[PDB]
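Working notes for the structure below.
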Amino acid sequence: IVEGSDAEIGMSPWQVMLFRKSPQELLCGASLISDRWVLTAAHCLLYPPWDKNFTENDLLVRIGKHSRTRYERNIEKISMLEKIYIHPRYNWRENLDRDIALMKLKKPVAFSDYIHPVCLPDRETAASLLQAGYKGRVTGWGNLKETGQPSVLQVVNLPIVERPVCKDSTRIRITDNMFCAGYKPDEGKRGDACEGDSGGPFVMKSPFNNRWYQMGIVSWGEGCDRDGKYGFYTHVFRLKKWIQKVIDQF
Amino acid sequence: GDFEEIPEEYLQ
Amino acid sequence: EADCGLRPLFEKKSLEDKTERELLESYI
Ligand SMILES: c1ccc2c(Cc3ccc(OCCN4CCCC4)cc3)c(-c3ccc(OCCN4CCCC4)cc3)sc2c1
Ligand SMILES: *[C@@H]1O[C@H](CO)[C@@H](O)[C@H](O)[C@H]1NC(C)=O
Ligand code: NA
Ligand code: NA
C-alpha cells in the first residue's frame, strides 16, 4: 500500500496473506468469506506471462495477522488448501477480465477477535454503494512505493471513479466486470495498492446495516500511485453467481 | 527483510 | 455468514476505527 497508514489491531479480521511455502514469501492478499473459503484474485495463482502457476500443495493461507514478517504465535492461524478454483473465463491473455479465485481450506478456521469473515454483497448493497465518489478501503502488506515493505498491515481509503474517467486513463480495454478506484491528480490526496497487495479486499461499510462488504478484489494497475492512473478491481457482485455456484456445488 | 521461521507442522 | 462483516473489536463493542468516518461521510 502506497501512501496509506498502519491498520489498527483487529481492523480487518477478514484479511488474509498468501504465503509461498518455498521460498517462504508473500505472494498476494486475500479475504476470508466463511470458515472454509478464502477469496482472492486469479492472477495470484495463475499468470502464464510471468511463469506463475501454483497448486494447492504450493502455498499456505495465513489468517489473523497484523505483522508482515513475524510468526504471530497464539493469534494467527496458518491453513492448508484443499482445492483452488479459478474462474473458467479468466482472461489472462488480454485484460485480466474475471480476475477471481476461490480457495477451500482443508479444515475450517475458528474465528476470534482477529479472525472474522467479511460479507459478500447482495444486488441492493451493490446498487446503492458502488457509486463514483464513494470511498472504499484497501488493505495489505504490499510495497509502500512503486520502486520498502511495511512492518504491519497498511490501510488506505480510496474513492470510486467514474467509468468514463477509468477508460480514458488506460489503453487496456476495460470490461463491466472491473471498476477502478483512486484519487485524481487535482484532488490533492494520493494512495494506491502495489505489488503484494493484489488479491486483497476492497471493502465498504454499509450505512444501512453497519456491516462491511467486499465490493472488489485488487486486480491490476499500471505502476503504483501514478498521477492520472488508477487501480482496477474485480467487480465482486457481478461474479457472485459463480461464487455461490462453486460453494454450493463443491 | 525476510520472514520468520514458521512451525514445521505447517510445512508438510 | 450470520455475523459477517461485524468486527469483534469494533462493531460488536460499538467502537469506531480511526478512519471509518471518512468512508461514511462519502456516502451521500
Ligand atoms: C495497483 C493495482 C494492482 C497492482 C499490481 C498487480 C498487477 C497484475 C497484472 C498486471 O499485468 C499487466 C498486463 N495487463 C493485465 C490485464 C490488462 C493489462 C499488472 C499489475 C502490481 C504488481 C506489479 C508487478 C508484479 O510482479 C513483478 C515481477 N514481474 C515483472 C517483470 C518480471 C516478473 C506483481 C504485482 S502493482 C499494483 C498497483
Ligand atoms: C498450470 O498447472 C496445472 C496443474 O499442475 C496444469 O494442469 C496446467 O496445464 C498448468 N498450465 C496452465 C497454463 O494452466
Ligand atoms: Na482507452
Ligand atoms: Na493514481
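Just so it is clear, chain A uses Swiss-Prot numbers, and the residues here are 364-510, 518-620, in order.
Every residue gets a Cβ built from N, Cα and C, even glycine.
DSSP assigns A:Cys391 (disulfide bond) to a strand in the three-state reduction. Sequence annotations record features per position, and here Swiss-Prot assigns disulfide bond to A:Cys391-A:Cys407 (among others).
Annotated active site, charge relay system per Swiss-Prot: A:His406 (among others), in sequence order. The Cβ of A:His406 (active site, charge relay system) lies under 8 Å from the Cβ of A:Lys415, A:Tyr453, A:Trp455, A:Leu459, A:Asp462, A:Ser568, A:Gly569, A:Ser589, A:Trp590, each of these being in the same chain and 6 or more residues away along the sequence. The DSSP secondary structure for A:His406 (active site, charge relay system) is helix.
Summarising the annotation, Swiss-Prot assigns N-linked glycosylation site to A:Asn416 and lists experimental evidence as the type of evidence. Of all Cβ atoms in the protein chains displayed, 10 besides its own lie within 10 Å of the Cβ of A:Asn416 (N-linked glycosylation site). According to DSSP, A:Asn416 (N-linked glycosylation site) sits within a strand segment.
Under the three-state DSSP scheme, A:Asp462 (active site, charge relay system) falls in the coil class. All protein chains considered, the CB of A:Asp462 (active site, charge relay system) has 30 other CB atoms within 10 Å. Among the features that Swiss-Prot reports, active site, charge relay system is placed at A:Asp462 (among others).
Here Swiss-Prot flags A:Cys536-A:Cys550 (among others) as disulfide bond. According to DSSP, A:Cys550 (disulfide bond) is assigned to a strand segment. Taking a C-beta cut-off of under 8 Å and a sequence gap of six or more, A:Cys550 (disulfide bond) has these contacts in its own chain: A:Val531, A:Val535, A:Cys536, A:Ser539, A:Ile544, A:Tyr600, A:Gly601, A:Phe602, A:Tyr603.
The feature disulfide bond is assigned by Swiss-Prot to A:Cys564-A:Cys594 (among others), with similarity to another entry given as support. DSSP assigns A:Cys594 (disulfide bond) to coil in the three-state reduction, outside any helix or strand. The Cβ of A:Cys594 (disulfide bond) has A:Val365, A:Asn506, A:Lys508, A:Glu509, A:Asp562, A:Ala563, A:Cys564, A:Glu565 as same-chain neighbours under 8 Å, each 6 or more residues away in sequence.
Secondary structure at A:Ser568 (active site, charge relay system), as computed by DSSP, is coil. Cβ neighbour count for A:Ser568 (active site, charge relay system): 27 (other Cβ atoms within 10 Å of its Cβ, all protein chains included). Summarising the annotation, Swiss-Prot assigns active site, charge relay system to A:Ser568 (among others).
Remark: A:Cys391 (disulfide bond) has A:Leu381, A:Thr403, A:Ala404, A:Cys407, A:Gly566, A:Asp567, A:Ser568, A:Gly569, A:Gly570 as non-local neighbours, by Cβ distance under 8 Å and separation of at least 6 in sequence.
Its own atom aside, the Cβ of A:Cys564 (disulfide bond) has 24 Cβ atoms within 10 angstroms in the protein chains shown. Cβ-based neighbour count (10 Å, all protein chains) for A:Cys536 (disulfide bond) stands at 21.
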